[PDB]
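Q: Below is the structure I would like to discuss, written out as structure tokens.
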Amino acid sequence: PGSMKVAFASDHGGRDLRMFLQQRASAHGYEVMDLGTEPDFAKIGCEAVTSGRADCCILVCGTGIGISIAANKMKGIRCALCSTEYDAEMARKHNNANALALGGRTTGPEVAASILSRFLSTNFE
Amino acid sequence: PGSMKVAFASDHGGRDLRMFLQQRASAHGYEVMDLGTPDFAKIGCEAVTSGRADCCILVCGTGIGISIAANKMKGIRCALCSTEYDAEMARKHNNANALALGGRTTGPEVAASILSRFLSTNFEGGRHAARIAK
């Protein structure tokens, strides 16, 4: 986890939850790359990953749907939109996801945190 | 509603859900196209990109791998939804023309109410139309 560089970006509404998630990531040993607060925060999160500067990016959005669509439309990005820990577990084990979209308007913080936690610790098969 | 052509495709494990959602859409007046049981995603999406269906519904394990692959196709916007609100926003804000559902993660009644909200919500093209890119 001390090895893994984890990038985060959010829209305006998602800043609070993003920072909460960053702090849970730091507290479990992850290296946090806070990419800031807004399209804009789209290319930005995904480019940290594709250019090798970050191992994955965590994108915090309204529902996550618009961002998951956009993220996946980029070369070398596999973006999972998860609403349970099982989703995040599968996203990694089966889909080698390198981006997690989370919906701040749709997912409680503690649930977003347990989804994040599982995404970060699951290895690809 | 009577005017809308909806395509349906699913993986092996997703046939029960697919059929069930097909029945539900038929009875609410939709024109259903059962395309059958990641070949099935390319197939679902191609009904949309060729002009044969208005949207496609894709029943998967989690929906995650299908939504990724579906979104890699030009002119496809695939929404993996787990609530009716997700479905509503996927259409209103994102103009999704593909819905991904996870048969392993979503219960049949929740999947049907997601579908029903997906099929009856229109894109808000107007507000997005004049936004200035760059």
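Q: Only residues that are of a type in the set (G, A, S), part of a loop (DSSP other than H, G, I, E, B) and within 12 Å of A:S68 (Cβ to Cβ): list them for region B:94-115, please.
A: B:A96
Q: Mind listing just one residue for me: the one in region A:51-67 that is more than 9 Å from chain B (Cβ to nearest Cβ) and of a type outside the set (A, V, I, L, M, F, W, C) and, of those, surrounded by the most Cβ atoms within 10 Å (Cβ to Cβ)?
A: Checked region A:51-67; the qualifying residue surrounded by the most Cβ atoms within 10 Å (Cβ to Cβ) is A:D55.
Q: Further question on the same structure: Restricting region B:68-93 to residues that are outside any loop (DSSP other than H, G, I, E, B), within 7 Å of chain A (Cβ to nearest Cβ) and not hydrophobic (A, V, I, L, M, F, W, C), which is nearest to A:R92 (Cα to Cα)?
A: Result: B:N71.
Q: Examine region A:39-46 for a residue that is more than 11 Å from the chain's Cα centre (by Cα), under 22 Å from B:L99 (Cβ atoms) and facing another protein chain (nearest Cβ under 9 Å), and state whether such a residue exists.
A: no
Q: Another question, if that's okay. Please find, within region A:13-50, the residue that is surrounded by the most Cβ atoms within 10 Å (Cβ to Cβ) out of those that are of a type in the set (S, T, N, Q) and farther than 17 Å from A:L116 by Cβ.
A: Looking at the filtered set, the residue picked out is A:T37.
Q: Something else now. For region B:94-103, which positions are within 8 Å of chain A (Cβ to nearest Cβ) and surrounded by fewer than 24 Cβ atoms within 10 Å (Cβ to Cβ)?
A: B:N94, the sole residue that qualifies.
Q: Please find, within region B:105-128, the residue that is surrounded by the most Cβ atoms within 10 Å (Cβ to Cβ) out of those that are within 23 Å of B:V32 (Cβ to Cβ) and of a type in the set (D, E, K, R).
A: Taking the candidates together, the pick is B:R117.
Values in this text are rule-based calculations from the coordinates and carry no lab data. Please note: Cβ atoms are built from the backbone with ideal geometry, for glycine as well, and neighbour counts cover all protein chains shown.
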